[PDB]
Amino acid sequence: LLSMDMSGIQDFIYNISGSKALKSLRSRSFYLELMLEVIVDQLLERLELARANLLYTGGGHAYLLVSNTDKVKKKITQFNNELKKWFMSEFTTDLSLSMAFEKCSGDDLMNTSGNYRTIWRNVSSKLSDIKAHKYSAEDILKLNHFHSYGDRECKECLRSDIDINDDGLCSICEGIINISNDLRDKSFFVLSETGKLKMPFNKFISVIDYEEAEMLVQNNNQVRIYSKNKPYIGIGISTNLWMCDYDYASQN
RNA sequence: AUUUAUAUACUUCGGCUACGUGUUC
Ligand SMILES: Nc1ncnc2c1ncn2[C@@H]1O[C@H](COP(=O)(O)OP(=O)(O)OP(=O)(O)O)[C@@H](O)[C@H]1O
């Protein structure tokens with residue numbers, strides 16, 4: 001039973017002070033949500049496994065029931081290592097993820113003597129105490145010695161480490177603005193290798209409509225269409241992602 | 001030269017901080 005926790009959502013989502021703030025917030029919550037979705041899907045691809053194995057997602061949590069094999073464990077550990085590398089490379093304190101798992105048996109799941117709750121609490125506890133130790137030695141040394149030439153804080157996004165560009169905006173928040181602009185009109189989001197917004201596994205997210213999504217399907221491209229609460233799509237890798245995106249300002 | 005001594009009605013009714021504008025280089 002594998003559990004994942006996102007570290008810093010309540011902080012990173014609430015460093016917004018600009019005039020376009022509302023557009024980013026819809027884009028920022030969606031950005032974290034899509035991060036979690038793409039990372040969990042990518043994990044399930046590593047496990048050569050099915051989507052039905054995801055028991056619960058939401059907030060910064062995720063719950064999976066995967067095979068108890070040494071192979072599974074080595075893959076989980078390796079992907080955790082690469083994952084931690086990537087987040088350290090992009091935000092380094094604002095967002096982190098945690099991995100944890102604890103053995104369970106069939107007798108446990110069948111609700112024999114309430115041990116289901118015992119294992120649930122055990123996995124929660126291991127997830128919540130592995131967050132104490134997040135950084136090995138060499139990583140913490142690696143952070144502290146970068147006399148690296150960089151620019152200053154993003155206006156929309158409060159971050160010293162980030163480097164601003166045109167109009168005093170960094171790349172990440174400008175892409176956030178663009179995808180926010182596209183949010184209200186277009187309903188489908190694609191996982192593509194060129195795209196707009198930087199995403200974990202060397203991937204990028206852009207926006208599509210059902211027709212060019214269809215062409216992408218007949219383009220046999222390794223794509224995952226992520227939708228805005230649309231059933232009956234039947235387009236490639238159908239992913240009716242569950243999200244509430246409402247704005248009265250678009251009713252004018 | 002011998003009785004009043006101000007009396008009742010109404011004791012303010014009608015009509016209820018706008019703009020430049022919030023954030024950064
Ligand atoms: N994409 C998101 N955008 C905005 N708020 C979110 C998003 N995802 C989750 N949240 C909410 O923000 C809350 C605060 O997140 P927080 O940073 O405290 O991390 P967490 O997931 O609760 O875990 P922990 O605090 O143990 O690290 C979450 O509990 C959740 O309800």
Original post:
Counting each DSSP H run of 4 or more residues in chain A as -39500 (n - 2.57), what helix-only mean residue ellipticity at 222 nm follows after dividing by all residues, to the nearest 500 deg cm²/dmol?
Top reply: -12500 deg cm²/dmol
Original post:
So how strong a dipole does chain A carry about its Cα centre when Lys and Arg Cβ are +1 and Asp and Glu Cβ are -1, to the nearest 20 debye?
Top reply: 660 debye
Subject >> Alpha-carbon centroids, the stretch A:225-252 and the stretch A:48-85: separation in whole Å >> reply: 26 Å
Original post:
For A:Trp242 and A:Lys75, what is the calculated FRET efficiency with R₀ set at 22 Å and r taken between the beta-carbons, to the nearest 0.05?
Top reply: 0.20
Subject >> Among A:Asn144, A:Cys157, A:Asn122 - extreme Cα towards positive end, dipole of chain A, charges at beta-carbon >> reply: A:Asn122
Original post:
How would you order A:132-139, A:234-241, A:50-57 from highest to lowest mean count of nearby Cβ atoms within 10 Å?
Top reply: A:234-241, A:50-57, A:132-139
Original post:
Which links in A:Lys155/A:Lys196; A:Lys131/A:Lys196; A:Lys20/A:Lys196; A:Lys85/A:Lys228; A:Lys85/A:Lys126 stretch past 24 Å when you go from one Cα to the other?
Top reply: A:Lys131/A:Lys196; A:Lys85/A:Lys228
Subject >> For chain A: rounded, prolate or oblate by the Cα gyration tensor [a/c cutoff 1.5] >> reply: oblate
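We did not get these values from a lab; they are worked out from the coordinates using the rules stated. As a convention, Cβ positions derive from the backbone with ideal geometry for all residues, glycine included, and neighbour counts pool all protein chains shown.
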